[PDB]
Each structure stands twice: as C-alpha cells, then as structure tokens.
2 protein chains.
Amino acid sequence: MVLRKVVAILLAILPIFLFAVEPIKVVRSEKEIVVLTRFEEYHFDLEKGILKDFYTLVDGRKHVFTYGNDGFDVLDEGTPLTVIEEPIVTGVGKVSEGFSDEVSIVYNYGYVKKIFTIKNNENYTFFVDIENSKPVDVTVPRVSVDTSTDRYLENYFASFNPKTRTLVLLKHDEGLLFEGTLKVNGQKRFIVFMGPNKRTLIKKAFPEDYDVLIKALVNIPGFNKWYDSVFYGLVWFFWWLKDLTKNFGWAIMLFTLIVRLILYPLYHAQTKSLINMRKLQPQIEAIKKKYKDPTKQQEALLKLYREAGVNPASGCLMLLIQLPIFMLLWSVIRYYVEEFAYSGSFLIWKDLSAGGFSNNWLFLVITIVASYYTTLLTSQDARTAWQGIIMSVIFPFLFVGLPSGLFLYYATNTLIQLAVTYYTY
Amino acid sequence: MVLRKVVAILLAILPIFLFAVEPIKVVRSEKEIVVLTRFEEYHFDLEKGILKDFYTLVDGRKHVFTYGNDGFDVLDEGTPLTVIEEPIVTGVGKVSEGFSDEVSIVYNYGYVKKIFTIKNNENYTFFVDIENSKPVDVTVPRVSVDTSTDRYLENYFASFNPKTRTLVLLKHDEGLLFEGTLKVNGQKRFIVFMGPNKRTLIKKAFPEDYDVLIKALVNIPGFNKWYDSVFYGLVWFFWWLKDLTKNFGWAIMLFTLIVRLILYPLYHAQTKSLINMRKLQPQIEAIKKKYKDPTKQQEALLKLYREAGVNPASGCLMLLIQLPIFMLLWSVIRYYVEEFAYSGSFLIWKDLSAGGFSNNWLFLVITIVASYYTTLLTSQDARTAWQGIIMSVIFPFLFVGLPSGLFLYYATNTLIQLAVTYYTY
C-alpha cells in the first residue's frame with residue numbers, strides 16, 4: 001500500500017495544493033470592508049455603500065483611485081442615499097479567509113440593490129448589478145486629473161489617467177445619451193474596467209466592439225506612448241503564438257527558435273571564426289612554455305595570429321545583441337503577468353513571471369549539464385574544467401532572481417546550441 | 001579580461017557578499033533606542049538610561065523581560081538619577097543602518113558613565129562598563145516571577161525564569177557580599193548573560209568557574225527538565241565532534257557514519273532478506289501474466305513465497321528507527337542555531353539550521369542522482385523508472401522545508417548506502 005499511496009494518494013493531491021490559485025481574501029472590518037486579489041484590491045465603505053479607494057498590486061502597491069464623490073454614489077436628485085441594513089458578502093467557493101471563485105457584495109437601501117460582483121479572473125473588470133423600484137441616479141468613477149481625457153463614447157465611457165496609466169472604462173446601455181451620472185430604472189448589469197491600459201485585457205473585457213473602441217482610445221493624448229507601436233506589435237505576436245501553442249512556455253520556445261533561426265548565420269560565423277581558431281589553438285600553435293611569460297609583453301601571439309581571416313571576441317559579442325532580445329522578452333513577461341498567474345502552468349513552473357531559486361533550480365541544473373557537454377567539444381585544452389564553472393555555475397546563480405520565463409528562453413536556446421553544435425564530423 | 005574578471009573580480013568578491021553576516025541594525029528613535037541582532041533584541045530608554053524591554057528572536061519573538069524598576073537603574077539611596085545629555089552610540093565597523101562588529105551605548109549623568117557594550121557574537125552576553133566619581137548603586141535585572149529561583153552565588157548572581165526558560169546570570173566582583181543592587185565606586189566592567197539556559201553558551205560565557213557555576217544551576221528547581229540528561233549528553237557529544245572536525249557539517253557526517261556503523265547489521269539483514277528476495281523476484285518466480293489479476297484474491301503469492309526465511313517489509317521498517325535518530329539530530333540542530341549562524345559556513349551551505357529550496361537544492365539533486373544509481377541494482381524489473389520517482393523526487397520535495405543539516409545527514413547516509421551497496425559480485 002506504500003506504492004498505491006504514492007501513485008494515487010500522494011500523486012493525485014500534490015498538484016491540487018501545488019497549483020492552488022490564490023483566493024480572494026476578503027477582510028470585513030469596522031466601517032470598512034476590503035476585497036483583495038492577486039493584483040486587484042478594493043476598499044469599500046459599508047455605510048454609504050461605495051468604493052472608497054482602489055489600489056494596484058502589480059509591481060508594487062499603487063493607489064490609483066480615491067473617492068471623489070463619484071464612486072457609485074446612489075443619489076436621488078443631488079443628495080445621496082444611505083443603507084438600511086448591513087452589507088452581505090455573497091461569493092462562490094467559500095474558502096477560510098474568503099471566497100476563491102467569485103465575490104459579490106450586497107448593498108440595499110430602500111428599493112434598490114447595488115450588487116458588486118467581482119470575478120476571480122485575470123481582468124481588472126467587475127460587475128455593478130442593480131435593481132430599483134423607482135428611478136435613481138448613480139455616480140460614475142473617474143481617475144483623470146482633469147476632464148480632457150474622459151471620452152463619452154457610444155455605449156462606453158473612458159476615464160484615462162496618463163500619470164498612473166490607469167484607465168476607467170465601463171460599458172453602459174445608454175447609446176451616446178449620457179448625462180454625467182447613470183440614470184436607471186428597473187434592473188441593469190454594468191461592466192466596468194478599472195486598471196492599466198493593457199490592450200490585450202481590454203480585448204477580452206469588451207470583445208464585441210473592441211475595434212471600434214480602440215480607435216477612440218488611441219487618440220486620447222498620453223494613452224499611446226511612442227514605443228507602444230513596436231511594443232504592441234510584439235505583444236500581439238506573442239498573443240498569436242500563445243493562441244497557437246496552448247500556452248506561453250511553448251511560445252517562448254518557438255520564439256527562441258524563431259529568434260535563433262531568423263538570425264542563424266552567426267553560428268557559422270561564431271564557429272567559422274572558431275573552426276579556424278579551435279583548429280589552431282595553443283596546442284597546434286604548440287607555444288605554451290615558451291620564450292616568455294607575464295609582465296605583459298605579449299608582442300607575438302596577437303599579431304602573429306592576426307593573419308588568419310578569423311573573428312576574435314566571438315563569445316563576448318553575442319551578449320550585445322542578446323540584451324535587446326532579453327529586454328524585449330523580459331518587458332513582454334512583465335506585460336503578461338496577470339495571464340501567467342491564472343493561465344494554468346507549463347509543466348512544473350506554475351508561473352513563469354516569478355523568480356527565485358524555487359522555480360529556476362531545474363533550469364539551473366539543466367543549464368549546467370547542457371553547458372558541460374557543449375563546453376566539452378570547444379577548448380580541447382584543460383580550460384573546460386574552469387570553463388564549465390564560469391558560464392554555468394556563476395552567471396545564472398548571479399542572475400537567478402530573474403523571471404523564470406527568461407531562464408526558459410535561455411535554456412531552450414542552450415538546448416538548441418547543444419543540438420546545433422552537435423554535428424560531429 | 002573576461003576570464004580575469006571572473007576568476008578574481010567575480011570570484012574574490014562573491015563569497016564576501018554571500019557569507020556576509022547579519023549586522024547589528026541599530027534604530028535610534030524618539031524616547032527609545034533599539035538594538036537588534038540576529039537573535040538578541042533590546043529596547044533602551046534614553047531618559048532614565050535603562051533597558052526597557054528585552055525580546056528573543058529564536059523560534060519566534062519572545063518578550064522575556066519587562067522593566068521592573070530593576071534594569072540597571074543608577075540610583076543614589078533609593079531615588080534614581082537621570083541623564084544630563086543625549087546618549088551616544090559608539091560602535092565598530094559602521095555599516096549603513098548600524099554597526100556590524102560591536103555596539104556601545106553611552107549614558108552619562110553627572111560623574112558616572114554607564115556604557116552598554118554589545119558584541120556581535122553568538123552569545124546572549126553584553127557588558128555593562130561603568131565609571132564614577134562618587135559611590136553609587138545600580139539595580140540588577142531579574143526575570144524570575146517569584147524570588148525562589150534567584151541564587152546569590154559567590155561572584156555570580158542567577159535569576160532563572162522556568163516559565164520562559166530565560167536565565168539572567170551576571171558576574172560581579174563582590175564575592176558573596178551582595179546586597180540587592182550593585183554598589184560601586186571607581187570603574188568596573190560587568191559581564192551579563194541574559195537568554196535561554198543553553199549550557200554550551202554558558203560555558204563560553206563563564207569558562208573560568210563554569211564547573212563550580214553549573215553545580216549550583218542544576219539544583220535550581222525547574223532548570224533541569226527530565227530529558228536534559230540524555231539530551232545534553234548528546235549535545236556535548238556533538239560539541240566534542242565539532243571540536244574535533246573543524247565544524248558541524250563534518251560532525252554530522254561522522255555522526256551519520258557512527259550511527260550507520262554502530263548499528264550496521266541491518267544492511268546485511270535488509271539485503272539478506274533482499275538477497276533471497278532480489279534473487280527470486282517475479283522474474284525468477286516467473287509468474288507475471290498468470291492465473292488471475294485484481295479483484296484482490298491474492299491467495300497464492302504471499303503464502304507461496306512465505307516459505308523462504310526472508311524479512312518482508314524491509315524498506316518500510318527502517319523509517320521507524322529513523323524517526324528517533326532524525327528527531328534527536330533535528331532537536332540538536334535547533335539547539336546550536338546561534339553557533340550555526342556565526343560559525344562560518346560548511347562549503348556552500350552558509351547555515352545548516354535553515355531550510356527552503358535555496359540551500360537544499362544541491363542536496364536534492366545529489367540525492368536524485370545517487371538514488372538513481374542505488375535504485376539501479378535493486379529491482380531488476382521495470383519498477384526502477386517508477387521507483388526512482390517515488391523516493392528521490394517526491395518525499396524530499398515534500399520535506400524540503402527542513403533544516404539543511406537534516407538533509408546533510410540524509411545525503412551523507414545515502415552516499416554511504418551507495419558505496420555500501422556497491423559490492424558487485
């Protein structure tokens with residue numbers, strides 16, 4: 001039963017706790033109630049029944065919204081209304097400190113129910129459902145410092161804040177007939193987007209009229225930073241790869257393959273310079289214990305070997321064109337963070353947007369063993385014993401705090417290199 | 001210069017930042033000044049010039065002392081004195097947030113200097129130096145709830161608190177002539193011990209008359225818990241090993257070797273039961289696709305193989321005698337924590353009292369590759385592919401949060417096992 005308990009009991013429950021996604025930790029409190037996700041965080045008042053303050057967890061906490069008597073104030077003709085009962089927190093999948101699938105919040109006053117639905121999705125969206133017995137008005141939030149950024153669209157209403165790059169965009173049913181607050185009778189479900197202006201997330205948020213919606217959004221001054229053209233070209237490239245290759249880890253691997261393939265010749269060049277070199281290294285030159293030694297005075301080797309049509313500084317050059325590929329891929333990783341956390345896992349790496357030893361420990365050892373065999377063929381001297389150390393053991397250990405995805409790019413590139421270098425003849 | 005920068009620049013500075021010991025983070029504040037070490041933590045008042053409160057970091061913060069108008073109150077005939085100037089914080093090796101070799105604190109009133117020296121050693125000791133122009137009295141601290149535990153020794157004075165197992169033991173020069181507070185003229189250096197009653201640390205704290213001092217301390221009721229006899233027998237055994245083998249990592253390895261050596265026969269037994277078994281496994285019994293299959297009804301194998309003089313449940317039994325060896329060694333690790341942090345490092349593992357993946361990542365892979373080859377000889381069937389997984393990959397990953405030392409015990413034991421099992425004939 002030891003073997004049964006390991007293959008079923010300790011094998012069918014290990015991935016459930018391991019890949020356990022973060023729950024919506026709800027915190028009820030006195031004169032406040034707070035709703036926390038992995039990226040989103042909301043401060044709610046339980047007396048007026050409104051959104052007090054709104055933070056942003058990604059890349060440090062960011063206070064991006066403060067109640068400007070606009071955060072869904074149920075008001076009838078200028079004056080707002082208050083509750084007649086406590087709020088109740090409806091949710092889905094009640095976990096100890098808070099639900100883990102969905103969280104609703106029930107505010108009710110006399111004849112009106114303001115329901116705050118918050119799904120545990122990657123988006124920064126949340127629903128404001130509402131019912132009424134007599135017509136009422138409810139305020140709309142805005143993060144824009146001055147009202148030049150806000151745009152009264154046909155069915156939507158944007159409020160962009162270029163300082164924090166925070167966008168308040170909600171969908172209403174009042175086509176173009178918009179007066180400040182939201183006037184409502186009966187019942188209505190409202191879809192709100194509040195967060196950064198990540199176009200991929202907006203596409204998921206409002207895929208019905210996104211193309212009509214993005215044309216307006218681009219023309220907002222400050223929305224489109226200069227680099228967003230190329231940057232988003234690459235972003236949608238990776239969106240197409242993910243929507244071809246089931247997830248992002250593969251998308252990196254093909255991207256690595258693409259990157260190495262599109263600019264191949266270097267391996268020829270870096271080895272042609274090395275073919276003539278690794279053919280004529282100190283053993284073929286046969287000058288090791290020779291005419292002199294340090295107290296620099298090289299005076300022969302460099303100039304005497306500076307006859308063959310080779311390219312010195314081979315391994316030291318690739319880095320200079322590797323930084324742009326690294327920085328481009330890294331910035332893309334910091335763009336898809338929300339997707340990563342909720343888009344399942346690759347194989348063992350639950351999130352590729354995270355670092356530390358606990359994810360990149362296996363990339364590290366794979367790099368080590370792969371580098372070992374690659375570093376075997378090169379340098380027929382005794383540098384290998386010292387050459388295995390410098391590359392594999394030192395630099396990735398220094399750089400082990402990077403997002404796991406970058407180590408996936410690196411490691412895939414190294415497997416390619418090994419298989420590419422492996423052409424024994 | 002790439003190779004020079006890796007062998008000297010990025011090789012002679014890597015261990016300095018890596019093995020950087022924790023500094024004494026000093027926190028000056030309004031009407032308080034706090035002195036923090038890796039285990040010790042003191043709250044000082046800068047008006048009366050005394051020790052307000054004393055915590056204990058090891059295994060969670062523990063408030064073990066509160067000012068009972070006894071924490072070094074400079075008083076002349078009942079009434080205490082106050083400062084005439086600010087305190088100054090003298091130290092050694094001024095690092096950004098606080099010194100990292102030694103910290104002194106200068107209180108002065110009129111004619112008396114109370115100096116609080118605090119070394120960055122493993123001990124819970126600190127010095128109270130003092131100078132005076134006219135005789136004065138200074139209070140002595142006590143953590144004992146009631147004054148049955150305190151003992152006026154010849155030169156020392158203990159104040160043990162059995163509830164928290166916290167001992168206040170200081171050395172004075174007044175041989176047996178002790179009246180409450182400390183009466184002093186001229187200048188004197190006082191050696192104070194305040195913390196848990198770890199006998200090894202006391203030996204280092206007062207090695208002059210420790211043997212005379214420990215006889216008194218044992219007879220304090222509550223000091224000696226029943227298990228301290230055996231427990232400290234083992235503790236001083238490890239103290240002797242460390243004082244033979246340069247450090248603790250080796251002391252484990254020999255201890256493992258000792259533990260495996262003192263009770264060897266099992267390998268014979270666990271393999272004799274396995275010799276007859278691994279000789280006559282399903283391939284020699286030659287009954288694999290046979291008379292029946294699950295829907296349990298074993299009915300033959302167990303009873304039909306229950307003729308040879310073997311010992312089934314071989315690999316499952318050792319665990320039961322491994323827990324006591326584990327728990328004994330683990331508890332010892334949690335005893336020497338202070339030593340570990342400041343007693344250098346073994347090879348790569350800077351502290352063996354810590355856990356996580358970042359220290360035991362190399363033990364893990366070494367276990368994996370070592371188990372692989374050990375699991376090769378055993379089980380000539382195709383269980384190995386599944387048998388390598390269960391032991392190496394699963395259980396240590398589950399148990400990867402244990403102190404690194406326990407993984408050193410385990411891994412050393414596994415290397416022994418491999419070399420021991422390796423007797424191909």
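Just a few scattered comments:
- Flag if residue A:6 is surrounded by 12 or more Cβ atoms within 10 Å (Cβ to Cβ), without any contact (Cβ under 8 Å) to a residue 60 or more places away in the chain, of a type outside the set (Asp, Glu) and within 14 Å of another protein chain (Cβ to nearest Cβ): yes
- Only a single item in (1) surrounded by 18 or more Cβ atoms within 10 Å (Cβ to Cβ); (2) within 14 Å of chain B (Cβ to nearest Cβ); (3) of a type outside the set (A, V, I, L, M, F, W, C) is not met by residue A:49, and it is number (2).
- Selection of the stretch B:376-393 for residues being farther than 16 Å from residue A:7 by Cβ and outside any loop (DSSP other than H, G, I, E, B) yields B:376, B:377.
- Scanning the stretch A:329-354 for residues being more than 14 Å from every other protein chain (Cβ to nearest Cβ), closer than 17 Å to residue A:411 by Cα and over 12 Å from the mean Cα position of the chain (by Cα) gives a total of 1.
- Inside the stretch B:326-350, residues that are within 22 Å of residue B:243 (Cβ to Cβ) and surrounded by fewer than 18 Cβ atoms within 10 Å (Cβ to Cβ) make up a count of 9.
- Looking across the stretch A:227-249 at every residue that is outside any helix (DSSP H, G or I) and free of Cβ contacts under 8 Å to residues at least 40 places away in the same chain, the one that is nearest to residue A:316 (Cα to Cα) is identified as A:227.
- Hey, residue A:11 within 14 Å of another protein chain (Cβ to nearest Cβ), closer than 30 Å to residue B:397 by Cβ, over 25 Å from the mean Cα position of the chain (by Cα) and outside any loop (DSSP other than H, G, I, E, B) or not: no
- A Cβ distance below 7 Å, combined with a sequence gap of six or more or placement on separate chains, defines the contacts here; from the stretch A:136-153, residues that are in the same structural domain as residue A:196 (by TED's automatic domain parsing) and surrounded by fewer than 19 Cβ atoms within 10 Å (Cβ to Cβ) reach residues that are of a type in the set (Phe, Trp, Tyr) and part of a loop (DSSP other than H, G, I, E, B) in the pairs A:152/A:178.
- Residue within the stretch A:17-31 that is within 14 Å of chain B (Cβ to nearest Cβ), surrounded by fewer than 11 Cβ atoms within 10 Å (Cβ to Cβ) and either β-branched (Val, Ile, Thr) or not in a loop (DSSP other than H, G, I, E, B) (or both) present: yes
- Matching residues in the stretch B:355-400 - criterion: being more than 11 Å from every other protein chain (Cβ to nearest Cβ), out of contact with any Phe, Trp or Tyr (no Cβ under 9 Å at 6 or more places or on another chain), closer than 26 Å to residue B:328 by Cβ and not hydroxyl-bearing (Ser, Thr, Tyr): B:370
- The residue of the stretch B:188-213 that is farthest from residue B:72 (Cα to Cα), among those that are without any contact (Cβ under 8 Å) to a residue 60 or more places away in the chain and exposed (fewer than 13 other Cβ atoms within 10 Å of the Cβ), is B:211.
- Taking (1) buried (at least 19 other Cβ atoms within 10 Å of the Cβ); (2) away from every other protein chain (no Cβ under 13 Å) in turn, residue A:311 satisfies each apart from (1).
- For the stretch A:92-128, a residue qualifies if it is part of a loop (DSSP other than H, G, I, E, B), under 19 Å from residue A:23 (Cβ atoms) and in contact with a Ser or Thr (Cβ under 8 Å, 6 or more places away or on another chain), and the qualifying residues are A:120, A:122.
- Comparison of B:252, B:258 shows that the only residue that is touching a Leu at 6+ places or on another chain (Cβ under 6 Å), farther than 29 Å from residue B:132 by Cα, assigned to a helix (DSSP H, G or I) and not charged (D, E, K, R) is B:252.
- Note on the stretch B:109-168: among residues that are among the hydrophobic types (A, V, I, L, M, F, W, C) and in contact with a helix residue (DSSP H, G or I) (Cβ under 9 Å, 6 or more places away or on another chain), the one that is nearest to residue B:336 (Cα to Cα) is B:167.
- Among the numbered conditions (1) free of Cβ contacts under 8 Å to residues at least 24 places away in the same chain; (2) part of a helix (DSSP H, G or I), the only one that residue B:216 does not meet is (1).
Quick reminder, even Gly has a Cβ in these numbers, built from the backbone with ideal geometry, and neighbours come from all protein chains shown. All of this is worked out from the model, or read from it or from the source named; no laboratory read-out is quoted.
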